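Single-structure report; data block below.
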Amino acid sequence: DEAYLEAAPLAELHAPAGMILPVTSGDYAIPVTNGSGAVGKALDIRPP
Amino acid sequence: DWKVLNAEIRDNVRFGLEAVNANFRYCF
Amino acid sequence: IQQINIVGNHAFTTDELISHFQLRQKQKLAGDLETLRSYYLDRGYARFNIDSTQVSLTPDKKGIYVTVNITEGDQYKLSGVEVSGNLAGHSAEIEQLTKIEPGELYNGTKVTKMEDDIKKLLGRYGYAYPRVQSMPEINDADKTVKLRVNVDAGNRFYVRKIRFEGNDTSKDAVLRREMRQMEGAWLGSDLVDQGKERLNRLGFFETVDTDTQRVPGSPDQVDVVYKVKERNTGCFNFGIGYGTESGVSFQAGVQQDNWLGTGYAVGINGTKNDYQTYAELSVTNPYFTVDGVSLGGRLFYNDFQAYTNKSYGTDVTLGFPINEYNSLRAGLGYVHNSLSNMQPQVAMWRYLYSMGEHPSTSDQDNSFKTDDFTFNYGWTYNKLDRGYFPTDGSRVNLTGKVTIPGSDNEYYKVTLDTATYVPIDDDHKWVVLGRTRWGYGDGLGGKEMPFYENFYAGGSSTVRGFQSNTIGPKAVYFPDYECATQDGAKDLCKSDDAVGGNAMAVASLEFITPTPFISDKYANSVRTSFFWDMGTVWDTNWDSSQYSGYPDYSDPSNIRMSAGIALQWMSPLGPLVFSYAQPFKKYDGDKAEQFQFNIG
Amino acid sequence: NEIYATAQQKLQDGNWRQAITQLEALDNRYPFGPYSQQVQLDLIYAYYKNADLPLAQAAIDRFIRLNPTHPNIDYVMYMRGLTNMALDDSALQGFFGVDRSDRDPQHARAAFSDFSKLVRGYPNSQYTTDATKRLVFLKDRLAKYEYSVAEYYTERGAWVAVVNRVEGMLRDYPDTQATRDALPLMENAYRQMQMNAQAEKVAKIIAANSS
Amino acid sequence: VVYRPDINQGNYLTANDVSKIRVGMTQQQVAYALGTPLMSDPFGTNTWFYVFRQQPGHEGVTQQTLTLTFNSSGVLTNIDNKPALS
Amino acid sequence: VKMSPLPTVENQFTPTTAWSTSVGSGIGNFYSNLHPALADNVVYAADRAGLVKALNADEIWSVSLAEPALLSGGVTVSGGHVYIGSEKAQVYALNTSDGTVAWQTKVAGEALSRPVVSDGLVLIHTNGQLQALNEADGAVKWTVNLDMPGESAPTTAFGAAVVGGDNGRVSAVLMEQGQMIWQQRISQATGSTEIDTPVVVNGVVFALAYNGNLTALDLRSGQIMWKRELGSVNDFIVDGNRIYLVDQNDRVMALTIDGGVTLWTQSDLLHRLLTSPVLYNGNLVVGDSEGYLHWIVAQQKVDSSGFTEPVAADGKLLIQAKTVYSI
Ligand SMILES: CCCCCCCCCCCCCC(=O)N[C@@H]1[C@H](OC[C@H]2O[C@@H](OP(=O)(O)O)CC[C@H]2O)O[C@@H](CO)[C@@H](OP(=O)(O)O)[C@@H]1O
């Protein structure tokens, strides 16, 4: 259903002065995309 | 999958209709 | 195979060595050769060798012959065991495992057993990957062997993560609460197996297995993975039985031992017809607190209009473990019970007289009702290896009631269920099962235990082959049977109506065997057994004197016995039991029933 | 010929059981026929819509293995992502409103990986906006699982499992909501052990990132 | 009254190895002598924590804490040994 | 697949059994070479169970050597000694006049081959080792090892033996010592599972094996003179410049000694499990599994239990059923 469309937006933590947050791993990194397509029920899910 | 006054749906689910004795079972 | 010959045998008869062979083919031939080699290696023949094997066919492949040519030595004795290498302590325990009887006949199997015991000794302290090897020094001047063992403990391992796979329905906490190995602590090889046993004992899974995996790029850490496969746990049942003879007929209920994976045990039942209304609600939380304290209770209502029998009540029970295998329970309950229009009879009125009632003989117009508060308690012992089809261990379940002062009734009741399994074969396909039940209740302060709490026996759950609740004393009526009132017989009449009694004893012995023939699909779901069972119920305080013209129901020796064959199957829709028995020893009024079936 | 036209009408207007019956009837067609690949794609769609997910997975693996490159391979990968994510849901826990994040995450990890391959491999595809939304959902669904394990160990009292489990969350899921709410568990775990310098460091992170 | 399993946490320490540590050893020499730490400070510093904690059933909690601070060159510069909880 | 039926040919002869008697339990289903032997008008016989008999050529002696003995290798008689092998490690030597046991000796394996008495020693072909024993003692004189993947008996001439086993070669060795003279390939097949008694006539070695590689070789060296497709495990007869064979398929045939064109065959006994041929009264005689004797023109029933190699000497035909008969 559309429940995935209600997910909260992502937001990073700020580093407090004098500390560095752990260096992250390479995985689970979502790249930046244009976002130009349809979502949910609007998407034409069928054999092209 | 589906097969037959009574019928079975799949695993976990049976129904019978057969004054009346209509009943069914649904296992979790 | 037409003939298997052994060339060079002198210490044993050919038939004795052949008696261990499976050929009686490459896999069987290899098995027989290893069996022969071990057989000799267990009796001191340190130099035993298999020199050649010949396998050949007859002309036109009509038959086959097998010959093995062996060389025997002599019987060596083990002079001592030398242990060296890197022992990170534990030298005393290895030395204790190392002890042998002076001059004991050299035995290759015993050497392997000592080596494995050393690995298992080190494994419980976190040395998961030791190097252990042993080798003989075989002497010529005398028939002796000196055994050397070289041990290198390696290094201690730590557990980084415990993961679960196949956990699709249950909460991760429902599996994890049963572990004994902690994350972030030194590894112990026995704690992981105790965790495996506890996961099996719940009865929620068809199988549990484990994998201890090394962490890539780390010399001292492992991950432990448990793999499980869930079984269907409880079913919903609903149905209607409407007809013009009875009108509305309704039944419904649900039973789960795991409710949506939350760990709760929930049972809800109800039914309605023209003569009976029944309801039940029962909820139990196996872990009210993190340490294993459980809490639960039930409510019930039962209204039977036939005499009239109406009752209702509640029970609240708490329990807690005291050991790995023992738990205790205690709780409170309340019952209201109202009876009316009772058919006059001796066994019931004896009690009513003891309660201070004076009904008029042969007039069924009467009533009696009580409000009883009860204290419940019990204890349980359980070390069975499986929830569904246990193969080892035993179970004991002591339970009982005592009336709380201030109740209308004053009595106590005790029951004791036991069962023990013993395997016959190492694969646990052949097993022998003993089952017993005991029970006794009695009065306090001059009263008798109410007849609505009497014990009953007989039926597919107790002694097979008899109609349910038919074993035991039968009602003797005062003057539908005409003797029930003045319109019939003018004196006391006996009947076949079972009423139960104050004391019960039942026992059975079952031999559990593999299915003679069935596909592998059912290998873990269908199990068959042969059984012999017995039991008896008796009524203390029976007045054998006043009614000396009738059977004396106080005699406990009138044991009923039966035997037969039964099959159990964990159908996808629930456990089923089928049985057939012949009640070869029975008494007056025992109504037989030979083919019996029920849902577990 | 007639069977495929019928299957197309059943896919558009008719029953999914009739559509699959007609499509499976085409298993007797030549592997090289004009509709062989089109029929295989139609079967994958029909298997997904009928919830015959084990077969949608087998047919997709076969399709990709036999045609490593295809003008619509990105559609098939997107359907692979949906096929794995669909196994994570369950009707019974949904009906009663049960919070399912504690259950096994193996299927969510597989779907996350396949959607990631889709977004990186074909940035111009019309499916990457929806895959982006599902990637955000799955990342958060996994962080909730790691939180649940840290919460249980806090309750049992295994303070090192709690510290290491949260430290892991700070490396793999740095910006999700479950991570921002997990820090108090590390702040506590470093006080039940007498490690005051790190409880103070964590308290500074909690205050600096407070709402 | 109610049975509580024994809880162990942290890596295993012994006096025979704690006495082995000297100022000037490298991180590989220390890791070899004592093993891989289960706790470290992730927040931008090179510090290892060797925590030995035991909680026998219904007994008191006992803990030894050995903290090692290393220079960014990979050299041990400070040893701080707490033999017991306060 | 199935055995051919008994021929309908009318018996043109008047053969009869001169006498018969039971001997022990019988060989039955065990394949062995426990054939009878005749010397100096005394018949010697044995039963696999261990009974050994000697009878006049018309019951004078019998003993049981068992404590079964699983006797094999048959009975051979030469001068003063009788030699009986076994599937155990023992070889029994008995006196020929009095039947009392003379000695026993150990060998390297089952003595399945015929015990052959030649040039002062007894050749036993076992585990694939050929051993030469003292004709007058239990001592071992020498052994020779052969390759290995019943065992064929040796044949001797001019102080040397020709032997060979289930492997693809035939070898010739000296009798003075365990020294090899030569070896040669005689057989080959398309597969390892199909790869397998020699005679010497006028200096020509005639070798036969299961495989279709009937071969003639020089006695002095292993040079093949000719080879033919015919193969069989059964014993064969070479005489009159003709070779009389029983084929692997139980065809009965004869060819010339040069390996030339087949002279004649008779195929009406195919798959009847014929014995080796014996030449008696100018005719070839074979026994089948059903107890019939065939003359090659005539057939006669003797003993319905079936048959073990036939033997004949000094005008007598002696056969034994799967009990001994003399025709
Ligand atoms: C470990 C795996 C689980 C399986 C355990 C199997 C062993 C349990 C045995 C049951 C008790 C034997 C019966 C018995 O022996 N029970 C006492 C006795 O019973 C009269 C006896 O007489 C004999 O021969 P007969 O007299 O019939 O000719 C036949 C047996 C029995 O019938 O004496 C009564 C006094 O009360 C009993 O009392 P009670 O039944 O109340 O316990 C005793 O127990």
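On a 0 to 90 degree scale, rounded to 10, what angle separates helix D:177-192 from the longest Cα axis of chain D? That helix lies at roughly 30 degrees to the long axis.
When only alpha carbons are used to place a centre, segment C:193-239 and segment D:131-187 end up 23 Å from one another. As a proxy for reagent exposure, ranking C:538, F:61 by other Cβ atoms within 10 Å from fewest up yields F:61, C:538. Projecting the Cα positions of E:81, E:57, E:18 onto the charge dipole of segment E:7-82 (unit charges on Cβ atoms of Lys, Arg, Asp and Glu, taken about the Cα centre) puts E:18 furthest along the positive direction.
3J(HN,Hα) along segment C:191-197: 5, 5, 5, 4, x, 4, 4 Hz, from the Karplus curve 6.51 cos²θ - 1.76 cosθ + 1.60 with θ = phi - 60°, whole Hz, x for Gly and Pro.
Over all other residues within a Cβ to Cβ distance under 14 Å of residue E:58, the charged ones net out to -2, with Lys and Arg as +1 and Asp and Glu as -1. Normalised by residue count, chain E yields a Cα convex hull volume of 111 Å³ per residue. Within the protein assembly as shown, the ratio Rg/Rh, alpha carbon atoms throughout and Rh by Kirkwood, equals 1.08. Against the longest alpha carbon principal axis of chain D, how many degrees, from 0 to 90 and to the nearest 10, is the axis of helix D:196-208 turned? The helix D:196-208 is inclined about 60 degrees to chain D. Hydrodynamic radius of chain A by the Kirkwood approach over all distinct alpha-carbon pairs: 15.1 Å. Residues whose amide H comes within less than 5 Å of that of residue C:476, counting only those at least five positions distant or on another chain, are C:346, C:347 (H built at 1.01 Å from N in the peptide plane). Dipole magnitude for the protein assembly as shown: computed about the Cα centre from +1 point charges on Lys and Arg Cβ and -1 point charges on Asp and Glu Cβ, it is near 2740 debye. Compute the Cα gyration tensor for segment C:300-382, then decide on rounded, prolate or oblate, letting a ≥ b ≥ c be the square roots of its eigenvalues: rounded whenever a/c is under 1.5, prolate when a/b is larger than b/c in the other cases, and oblate in all that remain. Since a/c reaches 1.5 and a/b is larger than b/c, the shape of segment C:300-382 is classed as prolate.
Cα centroids of segment C:88-121 and segment C:413-453: 43 Å apart. Ranking of F:75, D:202 by neighbouring Cβ atoms within 10 Å, starting from the fewest: D:202, F:75. The peptide list D:48-55, C:58-65, put in order of mean Cβ contacts within 10 Å with the highest first, becomes D:48-55, C:58-65. Centroid-to-centroid, using Cα positions, segment C:353-392 and segment C:131-161 are 63 Å apart. Go through C:28/F:2; C:26/C:120; C:447/C:591; C:62/F:88 and tell me which ones have a Cα-Cα distance over 29 Å in this structure. Listed pairs above 29 Å: C:28/F:2; C:26/C:120; C:447/C:591. In chain C, helices alone account for a calculated mean residue ellipticity at 222 nm of -3500 deg cm²/dmol, with every DSSP H run of four or more residues adding -39,500 (n - 2.57).
Electrostatic bookkeeping for residue E:17 treats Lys and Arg as +1 and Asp and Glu as -1; over the other residues with beta carbon under 15 Å from its beta carbon, the sum is +2. The GluC sites (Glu not before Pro) of segment C:216-285 meeting both criteria, a DSSP state outside H, G, I, E and B (loop) and at most 10 other C-beta atoms within 10 angstrom of the site's C-beta, are C:245.
Under the classification rounded if a/c is under 1.5, otherwise prolate if a/b is larger than b/c and oblate if not, where does chain F fall, given a ≥ b ≥ c as square roots of the Cα gyration tensor eigenvalues? Oblate is the answer for chain F, as a/c is 1.5 or above yet b/c matches or exceeds a/b. Listed by chain and number, the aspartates and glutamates whose alpha-carbon sits under 20 Å from that of residue C:521, ignoring those within fewer than 8 places in the same chain, are B:1, B:11, C:206, C:209, C:230, C:427. Between 0 and 90 degrees, the angle of helix D:16-25 with respect to the longest Cα principal axis of chain D falls at about 60 degrees. Springs between Cα atoms under 10 Å define the GNM used for chain D, and in it the highest mean-square fluctuation of D:129, D:83, D:179 occurs at D:129. Counting every other Cβ atom within 10 Å of each residue's Cβ, D:176, C:528, F:262 order from fewest to most as F:262, C:528, D:176.
For segment C:345-383, applying the loop criterion from DSSP together with a ceiling of 15 other beta carbons within 10 Å to the trypsin sites (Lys or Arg not before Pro) yields C:383.
A helix-only calculation puts chain E at -3000 deg cm²/dmol for mean residue ellipticity at 222 nm, using -39500 (n - 2.57) for each DSSP H run of at least four residues, averaged over all residues.
Around the Cα centre of chain C, unit charges on the Cβ atoms of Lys, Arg, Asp and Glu (plus for the first two, minus for the last two) sum to a dipole of about 1700 debye. Per residue, the convex hull spanned by the Cα atoms of chain C amounts to 263 cubic angstrom.
FYI, it's all coordinate maths here, none of it is from the lab. Virtual Cβ from ideal backbone geometry, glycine too; neighbours counted across all protein chains shown.
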